[PDB]
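Encoded as structure tokens, the following chain is the form solved without the partner chain, with no partner shown.
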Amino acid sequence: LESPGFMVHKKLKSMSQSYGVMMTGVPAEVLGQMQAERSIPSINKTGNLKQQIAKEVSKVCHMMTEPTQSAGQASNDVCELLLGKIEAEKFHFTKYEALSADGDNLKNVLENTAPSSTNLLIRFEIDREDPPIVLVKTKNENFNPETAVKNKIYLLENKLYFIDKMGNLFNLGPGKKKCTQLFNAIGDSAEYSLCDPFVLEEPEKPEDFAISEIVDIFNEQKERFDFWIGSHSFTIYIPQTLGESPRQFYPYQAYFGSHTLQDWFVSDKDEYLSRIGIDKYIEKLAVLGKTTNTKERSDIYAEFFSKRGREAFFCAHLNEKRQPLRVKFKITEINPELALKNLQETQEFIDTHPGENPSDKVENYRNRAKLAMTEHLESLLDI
């Protein structure tokens, strides 16, 4: 005897393992037609079209198994499957709340719930700092804060301005004399890069020192600004406890370029992370949000968010996590009966595909997608 709450997680994991992309509900012919539309510019109409088409279609025995799925779409699909349309849209519109120093807000909201009665769904958004990469040097007579390009630092003869991504204008501090010094110490190219490491850390000309100074001024007060960008997305399902058993959490995620939700489930990484307990998962998330050690941040990020087995490589060397990260969350409750009915309608859609196996139904989907892609390409290429 298991709980309906645990039944939701069981059926979700086992249906995503077996059927994978069919769990999006996207018909095979739709998938093939869209694949054809995005593959046709990579097809040479001069050549032998039938084999180019045979190869383009060869590639989506893989595009159904390749990590072409966003983290955000995985979280969106999970939220809709478990909430229904109305509640999923309301939950999506809901604002995230930032994580506490040691995740205290989240753990407090979790402790004040009964493991017996409630089933919880937490959506996590990991934002990364995306700071301006271009300094613009402009006459005050030719500067309009309204029409100016956003996410940029602007050096005037008298002002050092930052326009964030939201169009907000910020004074960075320096007076008119310092601004004129920086203004004239910088050459008269239109824009300048703030990402040259030899200018930042090995400066030599007055231009280099001016740019490094400006970047230091921006760094010492980036607190005031909003330039975070969406980096990672995932969810955590906590089903109800069957009387006298311990409470466990289950992370669901995809990562574009690394793995799919199907890969994440087949590899059992959900349980692999579940074993470390929700309290220390939250504590390590808070550390990920409050640490300045690049190695600590990279280790946490890798073991939490990488494809299983690639933990030692996900954020090593070139992939170091050297920017700070912010962890935001939102929480809702699940009605397990509605989630199971959603999964049942999805299973009906799947069962419309002939086959005694999940294998054979997935192959019916795959063959239909390939056929649709091939015939759409022939339609678009007179062949």
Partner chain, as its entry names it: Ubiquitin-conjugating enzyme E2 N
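The term rigid core refers to the maximal set of C-alpha atoms that superpose within 1.5 Å between the two forms. Positions refer to the first chain, counted from 1. Shifts are known only where both forms have a C-alpha.
Absent from the display: the form solved in complex with the partner chain. The rest refers to it.
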| item | value |
| --- | --- |
| Output flag, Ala101, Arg297 and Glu303 jointly within 4.5 Å of the partner chain in the deposited bound form, heavy atom basis | no |
| Stretch in contact, per heavy atom within 4.5 angstroms of the partner chain in the deposited bound form, of 130-138, 268-276, 210-218, 180-188 | 130-138 |
| Contact flag, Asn319 vs the partner chain in the deposited bound form, heavy atom cut 4.5 Å | yes |
| Heavy atom of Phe143 within 4.5 Å of the partner chain in the deposited bound form | no |
| The partner chain contact at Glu283 in the deposited bound form, heavy atom, 4.5 Å | no |
| Proximity of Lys307 to the partner chain in the deposited bound form, heavy atoms at 4.5 Å | yes |
| Contact residue in the deposited bound form, from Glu244, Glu223, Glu201, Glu111 (heavy atom within 4.5 Å of the partner chain) | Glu201 |
| The partner chain: the contacting residue among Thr291, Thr235, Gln240, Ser231 in the deposited bound form [heavy atom, 4.5 Å] | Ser231 |
| Rigid-core-referenced C-alpha movement of 2 Å or more between the shown form and the other one, selected from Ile334, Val327, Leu343, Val57 | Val57 |
| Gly167 C-alpha relocation of at least 2 Å between the shown form and the other one, rigid core basis | yes |
| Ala148 C-alpha shift between the shown form and the other one of 2 Å or more, rigid core reference | yes |
| Residue shift check between the shown form and the other one, rigid core fit, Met373 Cα at least 2 Å | yes |
| Sequence-ordered runs, three or more residues, C-alpha shift 2 Å or more between the shown form and the other one, rigid core | 25-68, 136-150, 156-159, 166-169, 188-193, 369-383 |
